[PDB]
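Asks: This is the structure I have questions about; it appears just below.
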Amino acid sequence: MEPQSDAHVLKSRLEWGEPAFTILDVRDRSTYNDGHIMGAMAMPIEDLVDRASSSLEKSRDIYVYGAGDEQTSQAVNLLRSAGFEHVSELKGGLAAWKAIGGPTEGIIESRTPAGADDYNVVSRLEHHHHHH
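Taking the working numbering, the leading residue of the sequence shown gets -1, the next gets one more, and so forth.
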């Protein structure tokens, strides 16, 4: 596994090829729930090093993906800084994985902003006067 992997390279390696890899979500804990790669595990970029050091080994084929290439690449840096040898940046991020039609999971990946219409307002006032 090379330091930089494209979205469909990993996608094809996931479905068509052999796994033997661990995908880390470095976007955010909430964003992980919001919508993540199918099989990806929660390791938010700030907690990433500690999380991985506590679980993953340095020779584990790790594929990291963030919101953008900057977050992705920086997270990868933080892991290989912690000694991790096999760490690759998923170039393009989740939006690329999804743009190529890759298998995903999540909560918002299910529920989307839809269903809205509101106009219940009647305009008519009355002001009677003059009485004996």
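Beta carbons are placed, not taken as given, at the ideal position from N, Cα and C, and that holds for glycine.
1. How about residue 131 and residue 67: are their beta carbons less than 9 Å apart?
2. Going by DSSP in three states, residue 80 sits in which element: helix, strand or coil?
3. Excluding sequence positions up to five away, which residues of its chain have a Cβ less than 6 Å from the Cβ of residue 76?
4. Tell me which residue opens and which closes the beta strand (DSSP E) that residue 89 is part of.
5. Who are residue 22's beta bridge partners in DSSP?
6. Going by C-alpha to C-alpha distance, which of 0, 72, 114 and 81 sits closest to residue 56?
7. Enumerate in chain order the residues of its own chain whose CB-to-CB distance from residue 69 is below 8 Å, with the five nearest sequence positions on each side excluded.
8. Nearest to residue 30 by alpha carbon, out of 106, 129 and 9?
9. Contact defined as beta carbons within less than 8 Å: I believe residue 89 pairs with residue 2. What is the distance between those atoms, to the nearest angstrom?
10. So with Cβ pairs under 9 Å, would you call residue 68 a contact of chain B?
Replies: Judging by the given coordinates:
1. Residue 131 lies beyond the stretch modelled for the chain, which goes from -1 to 130, so this question has no answer here.
2. Here the question's residue 80 lines up with position 82 in the sequence shown. Of the three classes helix, strand and coil, the one that applies to residue 80 here is coil, per DSSP.
3. Locating residue 76 in the sequence shown gives position 78, where the first residue counts as 1. Answer for residue 76: 46 and 47, listed in chain order.
4. Taking the first residue of the sequence shown as 1, we reach residue 89 at position 91. Here the beta strand (DSSP E) through residue 89 covers 85 to 89.
5. Here residue 22 refers to the residue found at position 24 when the sequence shown is read from its first residue. Residue 22 pairs with 39 and 62.
6. Taking the sequence shown and counting its residues from 1, the one referred to as residue 56 is at position 58. Closest by alpha carbon: 81.
7. In the sequence shown, counting from the first residue as 1, residue 69 sits at position 71. 24, 25, 43 and 91, listed in sequence order.
8. The sequence position of residue 30 within the sequence shown is 32, counting from 1. Of 106, 129 and 9, the residue nearest in Cα terms is 106.
9. Taking the first residue of the sequence shown as 1, we reach residue 89 at position 91. Taking the first residue of the sequence shown as 1, we reach residue 2 at position 4. Confirmed, Cβ separation roughly 5 Å.
10. This model lacks chain B altogether; it includes just one protein chain.
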